[PDB]
Every structure is written in structure tokens, then in C-alpha cells.
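Participant:
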Amino acid sequence: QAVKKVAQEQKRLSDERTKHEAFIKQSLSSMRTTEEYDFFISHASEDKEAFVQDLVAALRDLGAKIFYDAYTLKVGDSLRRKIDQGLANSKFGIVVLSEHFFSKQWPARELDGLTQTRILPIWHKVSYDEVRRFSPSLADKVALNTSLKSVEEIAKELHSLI
Amino acid sequence: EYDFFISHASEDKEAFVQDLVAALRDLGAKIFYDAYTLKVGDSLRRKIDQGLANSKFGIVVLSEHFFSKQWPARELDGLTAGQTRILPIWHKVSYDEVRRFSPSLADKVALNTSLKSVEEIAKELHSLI
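Protein sequence lines correspond, in order, to chains A and B.
1 is the number of the first residue of the first sequence in my numbering; add one for each residue after it.
1 is the number of the first residue of the second sequence in my numbering; add one for each residue after it.
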């Protein structure tokens with residue numbers, strides 16, 4: 001009888017997951033509907049070899065043009081000026097939201113300013129409470145998750161913007 | 001008997017487990033966790049079997065520290081199965097890196113701390129009484 005409630009929870013979790021995938025796909029459709037390069041990707045020094053390499057390896061196979069060596073954050077400058085120089089070069093921009101990213105200690109106003117738009121944040125190995133601590137607004141809104149989709153699926157989803 | 005039991009790595013007990021146990025105790029549920037913290041040399045399947053006997057439901061928290069303990073593949077793929085009384089919780093872990101250990105566990109949907117808050121996960125767990 002105890003398993004039945006686990007089944008009910010299972011069904012609820014499944015419906016919620018369905019709604020979430022629908023939401024992000026609907027926002028990307030509105031984003032595409034609304035530059036020499038396709039994407040640029042802002043990340044920390046620690047995430048570069050770990051996740052970013054795999055993502056650009058995934059996107060370049062689909063035929064996307066990216067450059068990630070340029071946009072490594074040293075945590076010594078403004079986030080705004082780093083995302084605007086990339087919007088001048090690329091069609092879209094990606095920010096990898098991780099523990100290494102939040103450890104740089106960025107001004108609240110800039111994180112509040114990260115949120116049609118051409119910028120797409122990707123949650124990588126973070127909890128909701130943790131993101132809510134640095135900026136509750138950034139955590140409240142929707143973004144891509146590495147906990148929900150594989151790197152390859154994420155790459156296809158991004159490629160739908162071009 | 002107890003309501004839940006929550007197995008976990010020794011590293012996540014102060015970061016997430018203490019918070020969840022606190023939240024679930026604030027909701028009137030009785031759970032125990034210090035007895036079900038696992039060492040690198042353990043049998044996952046037998047440990048959960050001890051857990052389903054002194055409590056009604058079981059919780060496994062899937063984190064980098066949990067996977068750093070190299071469990072057998074058969075014991076992660078067995079978390080899934082058959083009637084199921086166990087509830088996995090994803091905490092700060094990537095999809096692809098779960099696949100490295102168990103694809104069957106990665107395709108199964110579970111509670112995700114990147115989606116809900118600890119208080120929200122607590123309520124959502126309390127719905128099972």
C-alpha cells in the first residue's frame with residue numbers, strides 16, 4: 001500500500017517534468033522567432049575542461065560556430081561588459097551557472113541584470129536554495145538544466161535557435 | 001516504526017541532509033540518518049533492506065560524493081527495482097555524469113534539488129506520510 005503513494009508521487013514528478021520541458025521549449029521558440037558567430041559561452045576557469053569542452057564538442061558537430069577560449073571569467077571584471085561584447089560577435093550567449101561561477105562573488109545588480117532576450121543561462125550542478133542565495137530573481141526564472149537533459153540533447157535544443 | 005530513512009555519503013550530511021532532516025522533523029515526521037550514513041565499503045542493497053524494515057519509506061541522495069563511492073552497477077540499477085518503495089533525490093549532479101554510473105537510474109525521474117527547495121521537497125515527501 002506504501003508503494004501506491006510512491007507511484008502517485010512518481011506520476012506527479014513526471015507531470016511536472018513534462019511541464020518544465022514544455023516551458024523551456026516554448027521560450028526558445030519565442031526566442032528564435034524574435035552576427036558572424038552563433039554562440040559565445042561565459043564560464044569559470046574550473047568549468048572549462050569539465051563541461052564546456054563537452055558542450056562545444058557537441059555543438060560543433062551539429063555545425064555550430066563557437067569560441068570559448070575567449071570568454072573565460074577571471075572574476076576580476078564586470079559581467080555586463082563581458083556579455084555585451086559577446087552579443088556584438090554572436091547571435092546568442094550562454095552562461096554556465098555553477099558553484100565555480102558563483103564563487104567569483106559578483107555584484108548583486110549584475111546577476112539581477114542577467115535576465116525577447118538573447119542570453120541563455122545553463123544550470124550546472126547547483127541547488128535551488130544555492131542559486132536563490134546569490135540572486136533570488138535569477139533562481140526564480142527558468143533556464144536550461146544539466147540535471148534534466150544530456151549534453152547532446154541540450155546541444156540540439158540550442159541548435160533550434162539558429 | 002519510523003516514517004523515512006535517508007542514506008547518504010558522509011560528505012553531504014552537513015550540507016544537505018541536516019537541512020532536510022531538520023525540515024522533515026519540523027513537519028512532524030520521525031526519521032533517522034546517523035545510522036544510515038554509508039562508508040566506501042558497504043552493500044547498498046542490504047543497507048536499504050535494513051532501512052525498509054525500521055521505516056516505511058527510503059531516501060537515497062544522489063550526489064558527486066555518493067557516486068565517488070564506486071558502487072557496483074548492479075546495485076545502482078537495482079535501486080530502480082518490481083514494486084518500488086525507495087525515493088532517490090538528485091542533488092547537484094549532472095545527467096551525463098549519472099549515466100556514467102547508471103543509465104537506468106539517469107532516465108528514471110526523481111526529486112531534483114535544482115527544481116524545488118528543501119522545504120518544498122520536505123512537503124512533497126510529507127505527502128506520502
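Ideal Cβ positions, reconstructed from N, Cα and C, are used throughout, including at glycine.
Give the DSSP-derived three-state secondary structure of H100(A) in the structure shown.
Facilitator: One-based indexing of the first sequence puts residue 100(A) at position 100. DSSP places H100(A) in helix when its eight states are reduced to three.
Participant: From the DSSP output, which residues share a beta bridge with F40(A)?
Facilitator: Your numbering for residue 40(A) matches position 40 in the first sequence. Secondary-structure assignment with DSSP links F40(A) through a beta bridge to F67(A) and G93(A).
Participant: Using 10 angstroms around the beta-carbon of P107(A), count the other beta-carbons present and answer buried if the total reaches 16, otherwise exposed.
Facilitator: Within the first sequence, residue 107(A) is the residue found at index 107, counting from 1. Classification of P107(A): exposed, given that the 10 Å Cβ count is below 16.
Participant: Taking only three categories from DSSP, how would you classify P136(A)?
Facilitator: Counted from its first residue, the first sequence places residue 136(A) at position 136. Here DSSP, grouped into helix, strand and coil, assigns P136(A) to helix.
Participant: Between residue 166(A) and the rest of its own chain, which residues show a CB-CB distance below 6 Å, the 5 nearest in sequence each way excluded?
Facilitator: Beyond the ends of chain A as shown, which are 1 and 162, falls residue 166(A); an answer cannot be given.
Participant: Under a three-way DSSP split, which group does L125(B) fall into?
Facilitator: Residue mapping note: residue 125(B) aligns to position 125 of the second sequence, counting from 1. Secondary structure at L125(B): helix, using DSSP grouped into helix, strand and coil.
Participant: Taking only beta-carbon atoms, is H8(B) less than 8 Å away from chain A?
Facilitator: Within the second sequence, numbered from 1, the residue matching residue 8(B) stands at position 8. For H8(B), the answer is no, since every Cβ of chain A falls outside 8 Å of its Cβ.
Participant: So that I know if they touch, is there some Cβ in chain A lying closer than 8 Å to that of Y33(B)?
Facilitator: In the second sequence, the residue the question calls residue 33(B) occupies position 33. Not one chain A Cβ lies under 8 Å of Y33(B).
Participant: Closer than 7 Å by beta-carbon distance: list the chain A residues that pair up with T80(B), in chain order.
Facilitator: By 1-based counting over the second sequence, the position of residue 80(B) is 80. Ordered by position in chain A, no residue passes the 7 Å Cβ test against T80(B), which lies about 11 Å from the chain.
Participant: State the Cα-Cα distance for the pair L161(A) and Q8(A), rounded to the nearest angstrom.
Facilitator: The sequence position of residue 161(A) within the first sequence is 161, counting from 1. The sequence position of residue 8(A) within the first sequence is 8, counting from 1. The alpha-carbon atoms of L161(A) and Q8(A) are separated by roughly 36 Å.
Participant: How many Å lie between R109(A) and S98(A) at the Cα?
Facilitator: Counted from its first residue, the first sequence places residue 109(A) at position 109. Counted from its first residue, the first sequence places residue 98(A) at position 98. Rounded to the nearest angstrom, the two C-alpha atoms are 18 Å apart.
Participant: Just to make sure I have the definition right: I need the residues of chain B whose C-beta is within less than 9 Å of the C-beta of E9(A). Which are they?
Facilitator: For the purposes of this step, residue 9(A) is identified with residue 9 of the first sequence, where counting begins at 1. Going along chain B in sequence order, the residues near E9(A) (Cβ under 9 Å) are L87, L111, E124, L125, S127 and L128.
Participant: Is it right to say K156(A) is buried, meaning 16 or more other beta carbons lie within 10 angstroms of its own, or is it exposed?
Facilitator: Counting from 1 along the first sequence, the entry for residue 156(A) is found at position 156. Exposed is the call here.
Participant: Under 8 Å, Cβ to Cβ, is there at least one residue of chain A near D96(B)?
Facilitator: As a working mapping, residue 96(B) is identified with position 96 in the second sequence. Yes, its Cβ sits closer than 8 Å to a Cβ of chain A.
Participant: For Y68(A), which residues of its own chain have a beta-carbon under 6 Å away from its beta-carbon, when the five flanking residues on both sides are left out?
Facilitator: Here the question's residue 68(A) lines up with position 68 in the first sequence. Hits under 6 Å: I41, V52 and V56.
Participant: Using a beta-carbon distance below 8 Å, is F57(B) in contact with chain A?
Facilitator: Locating residue 57(B) in the second sequence gives position 57, counting from the first residue. Cβ-Cβ to chain A under 8 Å: yes for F57(B).
Participant: Take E11(B) as the anchor and find which of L52(B), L115(B), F66(B) and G41(B) has the nearest alpha-carbon.
Facilitator: Start at 1 with the first residue of the second sequence, and residue 11(B) comes out as number 11. Selected option, being the one with the closest Cα: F66(B).
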